[PDB]
Each structure stands twice: as C-alpha cells, then as structure tokens.
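Protein chains in written order, with the UniProt record's numbering: chain A, 51 to 100; chain B, 455 to 499.
Below is one structure, written out as structure tokens; the observations come after it.
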Amino acid sequence: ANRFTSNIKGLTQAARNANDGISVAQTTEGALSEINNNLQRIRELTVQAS
Amino acid sequence: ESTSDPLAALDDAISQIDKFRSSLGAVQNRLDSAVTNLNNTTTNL
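Right, here's the structure in full:
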C-alpha cells in the first residue's frame, strides 16, 4: 500500500506538470500564429511590390 | 550539484523504513503470543 501511494502521488504531480507543459506549448503556438499572420501579410504586399 | 538519481534513493529509503517496520511488527506479534502463553500456563500451574 505504501508503494501504491508513492506512485499515486507521483502520478498526480506528473499530471499537473504535463498540464503546465501543454500550457507552455499553447502559448508558444499562439506566438507563432501571431508571427505567421504578419509574415503572410509581408508576403502579400511584397507581391504587390514586385 | 543535484542528486544523480533522486527518486531511486527516496524509494530505497522508504523501503528501508518499511523493512524496519515489518521486522518490528513481527516482534510485536511474537511478544503478544508470549503474553498469551504466560497467562495460559500460569493458570494451569
């Protein structure tokens, strides 16, 4: 039972850590989208510049 | 300098503690059996 409790607590904490990691990934992807919008706008207006 | 294998060492320490507890509970049961023997034999004597 002690060994099961060890795994239980460790897995709960690791699940919380994984949620934090997925939050990090979501933030990074949002930043990448914000960059990509301006990059595509730059491409579109460069086509006009051509 | 962080510990190389933290979780393994913690598990080993917990296992050591549990082993001591098991050895101690065994002697608890052993002494209680002795107590039962004592009164049972003293009544007959």
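Every residue gets a Cβ at the ideal spot worked out from N, C-alpha and C, and that includes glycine.
DSSP, reduced to helix, strand and coil, places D459(B) outside both helices and strands of the structure shown, so it counts as coil. Using a C-beta cut-off of 8 Å, the region 461 to 480 of chain B makes contact with the region 51 to 61 of chain A, since at least three inter-stretch Cβ pairs fall below that distance.
For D472(B), the chain A residues whose C-beta falls within less than 7 Å of its own C-beta are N52, listed in chain order. Boundaries for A51(A): no alpha helix (DSSP H) harbours it, and the DSSP string shows neither H nor E there. Assigned with DSSP and collapsed to three states, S100(A) falls in coil, not helix or strand.
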